[PDB]
Amino acid sequence: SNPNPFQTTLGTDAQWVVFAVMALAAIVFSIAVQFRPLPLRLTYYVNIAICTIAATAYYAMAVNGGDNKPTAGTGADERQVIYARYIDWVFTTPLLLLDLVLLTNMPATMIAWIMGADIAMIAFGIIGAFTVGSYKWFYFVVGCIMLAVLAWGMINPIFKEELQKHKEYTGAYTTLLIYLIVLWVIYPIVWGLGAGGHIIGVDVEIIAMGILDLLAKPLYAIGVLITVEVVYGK
Ligand SMILES: CCCCCCCC/C=C\CCCCCCCC(=O)OC[C@@H](O)CO
Ligand SMILES: CCCCCCCC/C=C\CCCCCCCC(=O)OC[C@@H](O)CO
Ligand SMILES: CCCCCCCC/C=C\CCCCCCCC(=O)OC[C@@H](O)CO
Ligand SMILES: *C/C=C(C)/C=C/C=C(C)/C=C/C1=C(C)CCCC1(C)C
Ligand SMILES: CCCCCCCCCCCCCCCC
Ligand SMILES: CCCCCCCCCCCCCC
Ligand SMILES: CCCCCCCCCCCC
Ligand SMILES: CCCCCCCCCCCC
Ligand SMILES: CCCCCCCCCC
Ligand SMILES: CCCCCCCCCC
């Protein structure tokens with residue numbers, strides 16, 4: 001019955017921890033890229049941007065979440081809406097896809113609709129998060145279809161040779177992309193259980209997405225960075 005529907009100190013403490021890790025990753029990548037040859041630096045900068053944006057969003061959430069506003073719903077169904085995460089995601093999820101797109105020869109037209117589907121997905125999530133009642137699930141389902149669309153586009157360079165830079169990169173591209181898709185599918189499950197269904201509380205959703213964000217941003221970035229270094233060195 002809409003358990004624990006407001007952020008408490010548990011969720012705030014989790015956000016400060018993720019803030020610290022995101023900030024540290026951004027700093028470490030920023031020092032590291034100074035030592036690396038010019039062809040690799042764009043990939044470092046993309047990941048510095050990702051972790052910096054995420055750190056800023058988690059700073060905002062940790063400073064403000066205890067205000068227990070805004071909310072959606074009334075009476076016993078009222079639940080806090082944490083929306084800073086969506087502002088993070090509309091900038092970082094295109095950059096996370098760009099990490100892999102840079103390993104391919106995708107044409108601009110294809111990059112355009114993959115990135116468009118990604119941005120639409122986030123837009124549907126935040127609209128749904130503020131929607132009271134059953135229409136929230138229309139936004140949710142269309143956002144899920146957008147995830148399927150962007151995933152299909154990202155999968156195509158695996159088996160379309162004309163979309164590949166080198167057959168060499170296919171193993172790492174495939175493995176990194178499967179890791180990404182696995183993690184990204186968990187986000188709508190958390191949303192459906194929390195923001196949508198009010199089945200899990202706000203601190204639980206914060207912790208779940210804090211774990212996902214650490215896996216999907218700095219740990220993923222280390223995998224991408226290792227990949228481009230190994231490929232360039234051979
Ligand atoms: C050009 C660089 C990329 C674009 C600029 C940075 C992108 C976004 C960065 C961080 C995420 C946005 C931070 C979110 C800022 C909103 C503050 C908030 O969450 O309010 C809490 C409530 O209590 C108030 O209603
Ligand atoms: C509502 C605000 C939305 C803000 C979205 C910000 C996203 C910006 C980041 C990325 C956008 C996509 C830019 C894509 C840049 C071109 C990709 C590229 O260079 O790869 C081409 C390959 O075929 C060869 O390597
Ligand atoms: C490819 C690897 C995939 C990794 C999957 C990562 C899964 C992360 C998502 C969920 C993990 C569960 C952790 C979330 C555990 C929440 C429990 C909690 O914080 O209790 C606080 C009280 O409010 C409870 O009432
Ligand atoms: C660093 C942050 C990441 C990788 C966040 C990824 C978020 C998603 C894949 C969100 C997906 C959603 C849907 C598929 C449907 C609508 C609700 C969302 C926004 C949670
Ligand atoms: C190929 C894209 C697949 C799209 C799958 C969408 C699944 C969404 C789950 C539906 C959850 C709605 C629950 C409604 C609660 C009343
Ligand atoms: C409450 C404890 C939650 C722990 C969840 C941690 C998930 C770890 C998944 C790691 C898989 C990715 C390889 C590093
Ligand atoms: C205040 C910063 C001191 C320098 C830390 C980064 C070192 C960059 C040197 C790389 C040149 C090859
Ligand atoms: C392709 C993405 C599928 C996401 C499905 C999530 C369904 C779990 C939500 C639970 C709502 C009660
Ligand atoms: C090249 C690294 C860019 C890092 C900054 C990205 C934007 C930060 C927004 C707070
Ligand atoms: C780069 C740091 C990656 C951290 C992964 C954390 C997994 C969740 C542990 C609670």
Side-chain angles (χ1 to χ4, degrees), residues 3-11 13-14 18 22 42-43 45-47 49-51 53-55 57-58 83 85-129 131 136-151 157 162-165 169 175 178-196 199-221 223 228:
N4 308 119
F6 295 90
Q7 182 170 331
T8 76
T9 58
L10 176 65
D13 290 344
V18 176
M22 297 295 189
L42 176 59
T43 300
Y45 298 146
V46 170
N47 294 110
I50 290 164
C51 290
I53 291 166
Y58 269 91
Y83 65 87
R85 60 179 59 127
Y86 301 95
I87 304 170
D88 170 336
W89 296 350
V90 78
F91 295 102
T92 59
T93 52
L95 291 171
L96 290 163
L97 299 176
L98 180 62
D99 267 329
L100 294 181
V101 167
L102 289 169
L103 308 181
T104 76
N105 285 332
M106 279 189 194
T109 166
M110 179 174 192
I111 301 169
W113 61 258
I114 290 173
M115 300 287 177
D118 180 277
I119 294 165
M121 176 183 73
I122 307 308
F124 287 124
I126 184 168
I127 295 167
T131 295
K136 74 171 84 193
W137 297 108
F138 269 131
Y139 297 116
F140 179 73
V141 170
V142 178
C144 287
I145 295 166
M146 291 300 99
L147 181 54
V149 167
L150 73 86
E162 68 272 10
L163 302 183
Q164 298 176 348
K165 289 194 168 301
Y169 311 177
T175 301
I178 293 178
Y179 176 81
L180 179 152
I181 291 170
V182 163
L183 294 176
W184 285 31
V185 170
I186 312 300
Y187 285 84
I189 303 176
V190 177
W191 191 102
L193 294 169
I199 295 175
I200 64 177
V202 167
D203 290 333
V204 166
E205 93 180 7
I206 290 167
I207 290 165
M209 282 182 281
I211 293 162
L212 292 168
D213 285 342
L214 293 174
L215 297 168
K217 290 185 173 81
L219 185 58
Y220 172 81
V228 296

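Each residue takes its place number in the sequence, starting with 1. Counting starts at 1 for both ligands and their atoms, following the listed order.
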Taking heavy atoms and a distance under 4.0 Å, where does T93 meet ligand 4: side chain, backbone, both or neither? side chain

Can you find an N/O atom of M106 closer than 3.5 Å to an N/O atom of ligand 2? yes

Just going by heavy-atom distances, which of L100, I50, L96, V90 is nearest to atom 5 (C) of ligand 2? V90

Could you grab the distance from atom CG of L103 to atom CG of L163, nearest 0.5 Å is fine? 13.0 Å

Might you work through the side-chain contact (heavy atoms from CB on, under 4.5 Å) test for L10 and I206, ending with a clear yes or no? CA-CA 9 Å; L10 176 65; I206 290 167; over 6 Å; no

Do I111 and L98 have side chains that get closer than 4.5 Å, going by heavy atoms? no

What's the shortest distance from atom 3 (C) of ligand 3 to any protein heavy atom, and which residue and atom give it? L183 CD2, 3.8 Å

Heavy atom of protein closer than 4.0 angstrom to atom 21 (C) of ligand 3: yes

Can you tell me which residue and heavy atom of the protein come closest to atom 10 (C) of ligand 4, and the distance to 0.1 Å? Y187 CB, 3.8 Å

Of all the non-hydrogen atoms in the protein, which one sits nearest to atom 4 (C) of ligand 4, and at what distance? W184 NE1, 3.3 Å

Side chain to side chain contact (heavy atoms under 4.5 Å, CB included), paired with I50, selected from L95, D88, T93: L95

Would you mind checking which non-hydrogen protein atom is closest to atom 12 (C) of ligand 4, with the distance to 0.1 Å? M121 CG, 3.9 Å

Atom 15 (C) of ligand 3: the protein heavy-atom neighbour that sits closest, reported with distance to 0.1 Å: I207 CG2, 4.5 Å

Any protein heavy atom < 4.0 Å from atom 13 (C) of ligand 2: no

Among non-hydrogen protein atoms, atom 16 (C) of ligand 4 lies closest to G125 CA, 3.8 Å

Under 4.0 Å from any heavy atom of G143, which atoms of ligand 4 are there? 14 (C), 15 (C)

Working to the nearest 0.5 angstrom, can you tell me the gap between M110 CE and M115 CE? 11.0 Å

Nearest protein heavy-atom contact for atom 6 (C) of ligand 3: which residue, which atom, what distance? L215 CD1, 4.0 Å

Can you tell me how far apart NZ (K165) and CG (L102) are? Round to the nearest 0.5 Å. 8.0 Å

Report yes if some heavy atom in the side chain of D99 is under 4.5 Å from a heavy atom in the side chain of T43; otherwise report no. yes

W184-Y187 aromatic ring centre distance below 6.0 Å: no

Which ligand 4 atoms are under 4.0 Å away from a heavy-atom of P188? 11 (C), 13 (C), 14 (C)

Do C51 and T92 touch side chain to side chain, with heavy atoms closer than 4.5 Å? no

Residue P94 vicinity, atoms of ligand 2 by number, heavy atom under 4.0 Å: 7 (C)

Going by the order shown, which atoms of ligand 4 are within less than 4.0 Å of some heavy atom of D213? 1 (C), 2 (C)

With heavy-atom distances below 4.0 Å as the criterion, list the atoms of ligand 3 near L10. 21 (C)

Between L212 and ligand 4, which part of the residue brings a heavy atom under 4.0 Å of the ligand: side chain, backbone, both or neither? neither

Protein contact to atom 11 (C) of ligand 3 [nearest heavy atom, distance to 0.1 Å]: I211 CD1, 4.3 Å

Steps toward side-chain contact (heavy atoms from CB on, under 4.5 Å) verdict (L147, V185): CA-CA 8 Å; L147 181 54; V185 170; 4.2 Å; yes

Starting from atom 1 (C) of ligand 3, find the nearest protein heavy-atom neighbour and note its residue, name and distance. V182 CG1, 3.6 Å

Tell me which protein heavy atom sits closest to atom 24 (C) of ligand 2, plus the residue, atom name and distance to 0.1 Å. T104 O, 3.1 Å

Within the 4.0 Å heavy-atom cut-off, what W89 brings close to ligand 4 is side chain

Proximal ligand 2 atoms for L95, defined as those under 4.0 Å from one of its heavy atoms: 9 (C)

Starting from atom 18 (C) of ligand 3, locate the nearest protein heavy atom and write down its residue, its atom name and how far away it is, to 0.1 Å. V204 CG2, 4.0 Å

Should you measure from each heavy atom of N105, which atoms of ligand 2 turn up under 4.0 Å away? 23 (O)

So do the side chains of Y220 and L100 get within less than 4.5 Å of each other, counting heavy atoms only? yes

Evaluate the 4.0 Å heavy atom contact test for atom 9 (C) of ligand 2: does a protein atom fall under the cut-off? yes

Between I181 and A151, what is the shortest heavy-atom contact and its length? CD1-CB, 4.1 Å

Tell me which part of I50 gets within contact of ligand 4: side chain, backbone, both or neither, using heavy atoms under 4.0 Å. neither

Which protein heavy atom lies closest to atom 1 (C) of ligand 4, and at what distance to 0.1 Å? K217 NZ, 1.3 Å

